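> What follows is a single structure, and I will ask about it in a moment.
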Amino acid sequence: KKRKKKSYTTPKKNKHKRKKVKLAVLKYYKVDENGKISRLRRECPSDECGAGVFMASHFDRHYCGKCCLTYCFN
Amino acid sequence: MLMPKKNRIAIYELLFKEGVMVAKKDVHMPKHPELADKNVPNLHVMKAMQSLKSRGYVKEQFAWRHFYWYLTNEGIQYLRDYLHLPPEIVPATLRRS
Amino acid sequence: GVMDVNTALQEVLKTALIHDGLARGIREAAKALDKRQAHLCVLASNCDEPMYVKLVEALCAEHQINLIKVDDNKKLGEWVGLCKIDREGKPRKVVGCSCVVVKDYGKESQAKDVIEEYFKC
Amino acid sequence: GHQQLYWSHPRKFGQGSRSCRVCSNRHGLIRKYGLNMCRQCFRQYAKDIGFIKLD
Amino acid sequence: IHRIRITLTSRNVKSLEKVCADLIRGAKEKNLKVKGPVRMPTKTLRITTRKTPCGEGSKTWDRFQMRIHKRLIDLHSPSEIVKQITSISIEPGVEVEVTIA
């Protein structure tokens with residue numbers, strides 16, 4: 001087979017590669033002097049979320065990707 | 001493969017229930033003729049077989065657009081090791097022999 | 001025969017190995033801790049990062065589960081094998097977790113009783 | 001979401017996946033008595049089907 | 001009713017007739033009123049195929065014809081007797097359809 005000449009736009013089919021911190025804590029908060037947790041992460045009624053999996057809510061809609069729910073506060 | 005390891009070990013168990021089956025030559029087939037409605041993509045079935053082909057402990061006898069599985073003693077040993085299970089699960093056909 | 005918690009640690013790590021498990025990293029650690037499918041815990045001597053150890057202590061406080069702290073747990077966890085398919089890449093672990101159930105369904109042991117007697121204290 | 005989106009459009013009238021039952025070939029499929037082969041495989045393998053030439 | 005019908009079909013006339021003779025003798029070995037073999041019209045299946053794999057040369061075709069010969073043996077007897085006669089190492093290529101009504 002012959003060349004299709006990917007020369008104008010990005011000739012890249014590779015996936016994303018990102019750098020971040022080893023200790024990324026976004027399901028909890030630290031430096032709080034509290035053994036309990038004030039629940040700012042939304043309660044997920046799916047039987048696949050425990051205490052280690054939660055969701056973050058933005059100003060636009062409610063994000064999902066596990067059970068396709070909606071907790072909308074726009 | 002963006003596929004969980006537990007399902008790969010499930011495939012290993014289902015194969016270990018026998019010694020060799022056949023595969024349909026297709027990547028667009030959602031399910032498996034033997035593992036019907038068990039969330040086993042055919043493309044990932046041939047992915048598994050091609051992986052053990054890269055290992056070199058399995059082969060094939062492809063015919064009429066159908067993969068024909070193989071298994072050697074070292075390959076059976078490797079599958080019985082990665083299953084983390086006793087070798088006691090011999091193919092049921094000898095129990096029906 | 002007489003078999004202690006130090007020898008039983010090898011048994012619990014082997015049982016964890018047989019059911020793979022052994023969750024690593026930082027993400028997705030307290031999934032089994034919420035619904036109490038795991039009934040056993042292991043800790044290593046000393047610590048390297050205070051954040052992880054204080055998070056683990058706070059999580060044990062959130063679940064009312066008592067930790068076990070032992071010495072030279074790393075060798076006892078390395079004896080069971082952590083190769084991750086052949087000599088390609090390297091393992092790395094700090095805290096040993098025998099998640100989801102203590103003992104095998106068809107393989108029991110008297111080490112479970114002594115481990116839990118020293119685990120519920 | 002391809003896992004629930006896989007095989008969305010049912011291609012039932014076409015024989016891309018219902019081609020000659022022997023190999024990756026097309027262009028001359030015949031469905032007489034449900035052969036599902038091209039001419040090549042049928043003619044080379046007509047001795048086992050049971051079709052003989054005495055006309 | 002106990003009229004057992006064997007719809008027996010095969011590709012070879014001689015093997016078919018040997019099967020029919022053996023079956024009707026095994027019925028004749030017992031006390032069973034029977035009818036003669038009823039020969040339904042043989043199916044002649046035509047498949048005319050181009051010979052050259054890629055179109056070239058004179059327009060040449062093969063004509064593969066499939067002759068399917070079918071007899072029926074309907075005898076007034078319980079099917080168990082006919083099955084007792086059946087275990088006679090039936091000729092290969094001769095298929096039997098059992099009709100009980």
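Residue numbering restarts at 1 in every chain; chains get A, B, ... in the order shown in the structure tokens, and ligands count up from 1 in that same order.
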For chain E against chain D, which residues fall within 8 Å using only C-alpha atoms, given as a PyMOL selection string?

chain E and resi 47+49-51+53+62-66

> Dump C-alpha atoms for the selected residues as a short mmCIF file (atom, residue, chain, number, x, y, z; two decimals), in the first residue's frame?


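As written to disk, result.cif reads:
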```cif
data_model
loop_
_atom_site.label_atom_id
_atom_site.label_comp_id
_atom_site.auth_asym_id
_atom_site.auth_seq_id
_atom_site.Cartn_x
_atom_site.Cartn_y
_atom_site.Cartn_z
CA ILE E 47 -25.45 -25.68 -10.69
CA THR E 49 -20.54 -22.53 -12.84
CA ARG E 50 -18.02 -20.59 -14.90
CA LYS E 51 -14.76 -22.52 -15.01
CA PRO E 53 -11.66 -18.06 -11.99
CA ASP E 62 -19.36 -26.82 -15.76
CA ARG E 63 -22.81 -28.29 -15.07
CA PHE E 64 -22.81 -30.03 -11.69
CA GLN E 65 -25.99 -32.09 -11.27
CA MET E 66 -27.17 -33.56 -7.96
#
```

> As number ranges by chain, please: every residue in stretch 5-87 of chain B that DSSP puts in strand (DSSP E).

B: 22-24, 66-68

> Contacts of stretch 8-23 of chain D at 12 Å or less, counting only C-alpha atoms, minus same-chain residues fewer than 6 places along, as an MDAnalysis selection string?

(chainID B and resid 24:30 62:67) or (chainID D and resid 1:2 29:31 34:42 44:45)

> I'd like the contact shell of stretch 32-43 of chain B - 10 Å cut-off, only C-alpha atoms, skipping same-chain residues fewer than 6 positions apart - returned as a compact mmCIF listing (two decimals) with C-alpha atoms, in the first residue's frame.


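Contents of around_17.txt, freshly written:
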```
# COMPACT_ATOMS: atom_id res chain seq x y z
CA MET B 3 -10.14 -4.74 29.40
CA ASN B 7 -12.28 -11.16 32.65
CA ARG B 8 -9.05 -12.46 31.11
CA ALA B 10 -12.41 -15.82 33.43
CA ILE B 11 -11.54 -16.61 29.80
CA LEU B 14 -13.58 -21.19 30.61
CA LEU B 15 -10.86 -22.54 28.33
CA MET B 21 -12.13 -24.80 21.03
CA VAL B 22 -12.46 -22.70 17.87
CA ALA B 23 -12.77 -18.97 17.22
CA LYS B 24 -14.74 -17.02 14.62
CA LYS B 25 -12.57 -14.85 12.36
CA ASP B 26 -14.21 -11.51 13.04
CA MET B 49 -4.70 -16.12 21.43
CA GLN D 3 -19.19 -0.85 24.53
```

> Distance atom CA of residue C:113-atom CA of residue C:3, one decimal place?

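So the answer is 10.8 Å.
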
> Near chain B, meaning an atom within 10 Å, which residues of chain C appear when counting only C-alpha atoms? Write them as a ChimeraX atom specification.

/C:15,17-20,85

> How would the residues just picked look written out with N, CA and C atoms as an mmCIF file, in the first residue's frame?


```cif
data_model
loop_
_atom_site.group_PDB
_atom_site.id
_atom_site.type_symbol
_atom_site.label_atom_id
_atom_site.label_comp_id
_atom_site.auth_asym_id
_atom_site.auth_seq_id
_atom_site.Cartn_x
_atom_site.Cartn_y
_atom_site.Cartn_z
ATOM 1 N N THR C 15 -2.537 -15.954 50.433
ATOM 2 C CA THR C 15 -3.959 -15.994 50.109
ATOM 3 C C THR C 15 -4.374 -14.759 49.320
ATOM 4 N N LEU C 17 -2.334 -13.161 47.333
ATOM 5 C CA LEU C 17 -1.731 -13.373 46.020
ATOM 6 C C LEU C 17 -2.590 -14.282 45.149
ATOM 7 N N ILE C 18 -3.153 -15.341 45.738
ATOM 8 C CA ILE C 18 -3.955 -16.289 44.967
ATOM 9 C C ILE C 18 -5.174 -15.607 44.359
ATOM 10 N N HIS C 19 -5.789 -14.677 45.083
ATOM 11 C CA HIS C 19 -6.891 -13.879 44.558
ATOM 12 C C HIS C 19 -6.401 -12.523 44.057
ATOM 13 N N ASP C 20 -5.157 -12.483 43.575
ATOM 14 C CA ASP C 20 -4.537 -11.280 43.027
ATOM 15 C C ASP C 20 -4.624 -10.115 44.004
ATOM 16 N N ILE C 85 3.953 -10.175 35.413
ATOM 17 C CA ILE C 85 4.272 -10.837 34.143
ATOM 18 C C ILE C 85 5.742 -10.660 33.768
#
```
